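Comments concern the structure below.
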Ligand SMILES: *[C@@H]1O[C@H](CO)[C@@H](O)[C@H](O)[C@H]1NC(C)=O
Ligand SMILES: N[C@]1(C(=O)O)C[C@@H](C(=O)O)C1
């Protein structure tokens, strides 16, 4: 309403000259009290579990398909020549033989087709081996891109657009919550239900389930990313935070030790102490590593196959248009 | 003979002959085939893992 | 970014990857193109420029920009007696008043900080090293 | 490797395809297509039947490609299986933040009056960390 | 380069250069700081005058390594991807607009800067001016590429097919001849 609360009150009441802590910075407080320069890179951020939302299809490197076309040309020519709808059948067999054999019909008697089949078979084992190995390699070596890639995607903006209810919350009476209410109303009005008592408890809502995503200060979320009983929690994207800010320190007004403080601060990094202090206090053991049961991307390719089946229906329709001709 | 076919089906197929007509054999063949594909995947994966 | 204004004509309608026309402003700065170095009228467009004009719409002020003669931003230097001269570069222009305000990518440090006031950081970044990536890792035989 | 949600759906669509194929055949059979789906999927090659039709042929080729993709999924998951070590369980260095981030919950134990304790007491540089070692 | 503290830096070499700009603020970090004061001198050798030349040396491969603050560097890292940034930003700092202490307009400026941060204005501006288009972490993600690599196997198989053509020709001549 009309009145301020917290340490800032004791700074205003002159019960505190300077206030120190994890306090974030904002325009209002900078207006009322002079702030120290930011010592650490921080801000609003997200902390979520490893839900991933056809990187297996991608190992093709756009080559497997192109190869398939080239293969088509080679098969067609070879089949047409060798014997010295049926051709299409023979190349159906060759195409089957390409992928893990599994083609029922009629290897052509013609001799050249046999040798060509042998070479093609070597090519096929090569196709299986290459595709599978690259797939396994992607099963290894993955950056694991996450839920909101845009991060402004508005999936956050409305839960209701997504049929299952989504969930995200933050600690109230925060600079984060006030900022949210200032810029994004709907998010605030929706998230009030998902607001949590304390960071350990907010963590309880994330950790035990019953909540998907958690949002909080970036330094705390990064340290918590590094420090967890198991490495079950990670940051969002590169943890690159919007509302880029740093922790400041209160003073009264234009009259203060002021600049003298500021100099001291950059002497601290100036001697490189902050890196040491970062390794001791801030550095977490986790996130050194960067691991799950298969997820949605396989479902995507699976859907792609379904869509291709639709294409079989379209080719059936084209064939029907053709039959009249 | 039938088990020669089943054994072939066990390792990467590559066996020519005569899947038995008997209906039950189709289902038994299906379950066993699943076991066999599990065997191929496991063997190849374990080989790569030891690599 | 620096490009000269084409003849008398001012600035290109060149567009950002997100469809927007690129904004631009005139800046007088050092030119190495001529054998002698003239302070040359130029066109400059930037992140800091968009920020500056953003402020200019927000702030009562009007802006005229010229790039500092020295390629360096600034560093303390020269003569021994008393404390003599002043740090060469745009910062030196700021104390001198050649420019009343400095808009550039300037890191913020205490040694400089005592001399001048510093605006809250628009950006947060730290030093790092650039080295070429490419050392590879080609036949089915391999 | 494949969640039962993944696994059931693949079978449902398996039938849903063999049937679309079968149905395609019947419309313009049940045993033929069901066994065709399973045969095409498993490389069983019952060889009893194949559809001549373009729709059917294309669906089958895409189907086989999908079989290759599924065997690939078994392999990917097995590869995911191969990462034996979890991110945790290591004390990274002589100076470990897990020590630096002490916890009442996570004990770090030593013997009092052991020479190590003398290392903790005599040394100023790690002297803070000493208390975490000193306790209990 | 393993870290801000790199044994490779710590183990300097005339053979392995590490390059910077004299009078760049980094140099002020080297001179002002006592703790690394020894390490400064190795950097002092073979300094470049400007940013473009410094990036170019690494690109030209004249100099094996280049040291500068990330904000200028990462954008370039995106720009080429032939070159990469490594390790953790050290000397963590920020970029700001200079004014004399006596001028009160700066009071508004910071007040404005913060107001520009909260709305995500900066985020969108960095998003515009940092392209991010083409590059990745190089070590582990070859798999996106590899079309050419497969081609290096497949072309051989195909050459096998061309052999198939010669063999076929031989069979065709020899067979009709064989039973003639
Ligand atoms: C936040 O403050 C309001 C009153 O200002 C209070 O009713 C509410 O319970 C507080 N929430 C927490 C988590 O402290
Ligand atoms: N540092 C915070 C502040 O109010 O200054 C607490 C934190 C949060 O609630 O996310 C921001």
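Here Swiss-Prot sets the residue numbers for chain C, with the shown residues being 410-546, 550-554 in order.
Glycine is treated like the rest: Cβ placed from N, Cα and C.
Residues or ranges marked as disulfide bond in Swiss-Prot (evidence: experimental evidence): C:420-C:452 (among others). Counting every protein chain shown, the number of other Cβ atoms lying within 10 Å of the Cβ of residue C:452 (disulfide bond) is 18.
Residues annotated as disulfide bond in Swiss-Prot: C:436-C:453 (among others). Within 10 Å of the Cβ of residue C:453 (disulfide bond) there are 19 other Cβ atoms, across all protein chains.
The annotation N-linked glycosylation site is assigned in Swiss-Prot to C:489. Mapped onto three states, the DSSP output places residue C:489 (N-linked glycosylation site) in coil.
The recorded positions listed here (C:436, C:453, C:489) include C:453 as those with a Cα within 10 A of the Cα of residue C:420 (disulfide bond). Reported as a whole number, the C-alpha separation between residue C:453 (disulfide bond) and residue C:489 (N-linked glycosylation site) equals 37 Å. In the three-state DSSP reading, residue C:453 (disulfide bond) counts as strand. Summarising the environment of residue C:489 (N-linked glycosylation site), the number of other Cβ atoms within 10 Å of its Cβ, over all protein chains shown, is 6. Here the Cβ of residue C:436 (disulfide bond) has 18 other Cβ atoms within 10 Å, regardless of which shown protein chain they belong to.
Classification of residue C:436 (disulfide bond) by DSSP places it within a strand. Counting every protein chain shown, the Cβ of residue C:420 (disulfide bond) has 17 other Cβ atoms within 10 Å.
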